[PDB]
>>> print(open('entry34.csv').read())   # CSV, C-alpha atoms and all ligand atoms
chain,number,residue,atom,x,y,z
C,1,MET,CA,84.1,-159.5,45.3
C,2,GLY,CA,84.1,-157.8,48.7
C,3,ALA,CA,80.8,-156.1,47.8
C,4,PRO,CA,78.9,-157.1,51.0
C,5,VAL,CA,79.4,-154.8,54.1
C,6,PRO,CA,77.9,-154.8,57.8
C,7,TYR,CA,75.8,-151.8,56.8
C,8,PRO,CA,72.6,-152.6,54.6
C,9,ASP,CA,72.3,-152.0,50.9
C,10,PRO,CA,71.7,-148.4,49.4
C,11,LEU,CA,68.1,-149.4,48.9
C,12,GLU,CA,67.5,-150.2,52.6
C,13,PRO,CA,63.6,-150.6,52.4
C,14,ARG,CA,61.7,-149.2,55.3
C,15,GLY,CA,59.6,-152.4,55.3
C,16,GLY,CA,60.9,-155.7,56.7
C,17,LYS,CA,59.8,-159.2,57.5
C,18,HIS,CA,61.1,-158.7,61.0
C,19,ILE,CA,58.8,-155.7,61.5
C,20,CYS,CA,55.2,-156.2,60.4
C,21,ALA,CA,54.4,-152.9,58.7
C,22,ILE,CA,50.7,-153.6,59.6
C,23,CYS,CA,50.3,-154.6,63.3
C,24,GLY,CA,53.9,-154.6,64.3
C,25,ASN,CA,53.9,-158.2,65.8
C,26,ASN,CA,52.9,-160.8,63.1
C,27,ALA,CA,56.4,-160.8,61.8
C,28,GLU,CA,57.8,-163.7,63.9
C,29,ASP,CA,54.3,-165.2,64.3
C,30,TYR,CA,51.5,-165.6,61.8
C,31,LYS,CA,49.1,-163.2,60.1
C,32,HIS,CA,46.3,-163.5,62.6
C,33,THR,CA,46.1,-160.0,64.0
C,34,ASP,CA,46.6,-158.5,60.6
C,35,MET,CA,43.1,-159.6,59.6
C,36,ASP,CA,41.7,-158.0,62.7
C,37,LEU,CA,41.6,-154.2,63.0
C,38,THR,CA,43.9,-152.7,65.7
C,39,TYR,CA,41.6,-149.7,65.9
C,40,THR,CA,39.0,-151.8,67.8
C,41,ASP,CA,41.6,-152.9,70.3
C,42,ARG,CA,45.3,-151.8,70.2
C,43,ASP,CA,47.8,-154.4,71.3
C,44,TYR,CA,49.2,-153.9,74.8
C,45,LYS,CA,52.9,-153.1,74.8
C,46,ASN,CA,55.0,-155.6,76.8
C,47,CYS,CA,56.7,-153.6,79.6
C,48,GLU,CA,58.8,-156.5,80.7
C,49,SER,CA,61.9,-157.1,78.7
C,50,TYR,CA,65.4,-158.8,78.9
C,51,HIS,CA,68.6,-158.9,76.7
C,52,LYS,CA,67.1,-155.9,74.9
C,53,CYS,CA,66.6,-157.1,71.3
C,54,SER,CA,68.5,-155.5,68.4
C,55,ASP,CA,65.4,-153.7,67.2
C,56,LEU,CA,62.1,-154.4,69.0
C,57,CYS,CA,61.3,-158.0,68.1
C,58,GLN,CA,59.9,-159.7,71.1
C,59,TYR,CA,61.1,-163.3,70.5
C,60,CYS,CA,64.6,-162.1,69.6
C,61,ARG,CA,65.1,-161.4,73.3
C,62,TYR,CA,65.4,-165.1,74.0
C,63,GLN,CA,66.9,-166.4,70.7
C,64,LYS,CA,67.7,-164.2,67.6
C,65,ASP,CA,65.4,-164.7,64.6
C,66,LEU,CA,67.4,-162.8,62.0
C,67,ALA,CA,66.9,-165.9,59.7
C,68,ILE,CA,63.5,-164.6,58.4
C,69,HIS,CA,64.8,-161.1,57.3
C,70,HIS,CA,67.9,-162.7,55.7
C,71,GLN,CA,67.0,-164.3,52.4
C,72,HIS,CA,70.1,-166.5,52.5
C,73,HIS,CA,69.6,-169.6,54.8
C,74,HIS,CA,72.1,-170.0,57.6
C,75,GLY,CA,72.2,-173.8,57.1
C,76,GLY,CA,73.2,-174.1,60.8
C,77,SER,CA,72.8,-177.5,62.5
C,78,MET,CA,69.6,-177.9,64.5
C,79,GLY,CA,71.6,-179.3,67.5
C,80,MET,CA,70.1,-180.7,70.6
C,81,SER,CA,67.5,-177.9,70.7
C,82,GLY,CA,64.6,-177.9,68.4
C,83,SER,CA,64.2,-181.6,68.7
C,84,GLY,CA,63.2,-184.4,71.1
C,85,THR,CA,60.1,-182.3,72.0
C,86,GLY,CA,56.8,-183.9,73.3
C,87,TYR,CA,55.1,-183.2,69.9
I,1,ZN,ZN,50.9,-158.0,61.3
I,2,ZN,ZN,63.2,-161.8,65.7
>>> encode(input="entry34.csv", output="structure tokens")
Amino acid sequence: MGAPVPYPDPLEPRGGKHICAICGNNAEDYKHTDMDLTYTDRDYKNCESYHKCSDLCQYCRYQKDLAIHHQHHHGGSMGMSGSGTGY
């Protein structure tokens, strides 16, 4: 159809899986800090950085995690990595 384009859809919601709208860091990880109030203790920003992620996702620096935001599964092969681990 040629309908998809690099740019997002007209809707472009402010919210996103990649960016936790609550604590700003449970996106990649699990909802653990969401339960706890950030007011009592705000998370320390990581000064160290490398590869400069597309947005601000910490783990994306090492290996991109655009799989969560994208509803459609990549279906890419696991490859050597992600296997043969200790547990
Ligand atoms: Zn969160
Ligand atoms: Zn990510």
>>> atom_distance(input="entry34.csv", atom1="CA of residue 18 in chain C", atom2="CA of residue 3 in chain C")
23.9 Å
>>> atom_distance(input="entry34.csv", atom1="CA of residue 21 in chain C", atom2="CA of residue 65 in chain C")
17.2 Å
>>> atom_distance(input="entry34.csv", atom1="CA of residue 84 in chain C", atom2="CA of residue 61 in chain C")
23.2 Å
>>> residues_near_point(input="entry34.csv", point="(64.3, -162.4, 54.3)", cutoff="6 Å", atoms="only C-alpha atoms", output="list in words")
residues 68, 69, 70 and 71 of chain C
>>> residues_around(input="entry34.csv", residues="residue 27 in chain C", least_positions_apart="2", cutoff="9 Å", atoms="all atoms listed in the file", output="VMD selection string")
chain C and resid 16 to 21 23 to 25 29 to 31 57 68
>>> residues_around(input="entry34.csv", residues="residue 22 in chain C", least_positions_apart="4", cutoff="10 Å", atoms="all atoms listed in the file", output="PDB file with C-alpha atoms, in the coordinates of the input")
ATOM      1  CA  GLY C  15      59.600-152.400  55.300  1.00  0.00           C
ATOM      2  CA  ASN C  26      52.900-160.800  63.100  1.00  0.00           C
ATOM      3  CA  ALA C  27      56.400-160.800  61.800  1.00  0.00           C
ATOM      4  CA  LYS C  31      49.100-163.200  60.100  1.00  0.00           C
ATOM      5  CA  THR C  33      46.100-160.000  64.000  1.00  0.00           C
ATOM      6  CA  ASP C  34      46.600-158.500  60.600  1.00  0.00           C
ATOM      7  CA  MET C  35      43.100-159.600  59.600  1.00  0.00           C
ATOM      8  CA  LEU C  37      41.600-154.200  63.000  1.00  0.00           C
ATOM      9  CA  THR C  38      43.900-152.700  65.700  1.00  0.00           C
TER      10      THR C  38
END
>>> closest_residue(input="entry34.csv", among="C:14, C:51, C:45, C:64", to="ligand ZN 2 (chain I)", atoms="only C-alpha atoms and all ligand atoms")
C:64
>>> residues_around(input="entry34.csv", residues="residue 49 in chain C", least_positions_apart="4", cutoff="10 Å", atoms="all atoms listed in the file", output="NGL selection string")
:C and (53 or 58 or 61-62)
>>> closest_residue(input="entry34.csv", among="C:28, C:55, C:41, C:48", to="residue 67 in chain C", atoms="only C-alpha atoms")
C:28
>>> closest_residue(input="entry34.csv", among="C:1, C:32, C:73, C:6", to="ligand ZN 1 (chain I)", atoms="all atoms listed in the file")
C:32
>>> closest_residue(input="entry34.csv", among="C:46, C:10, C:39, C:52", to="ligand ZN 2 (chain I)", atoms="all atoms listed in the file")
C:52
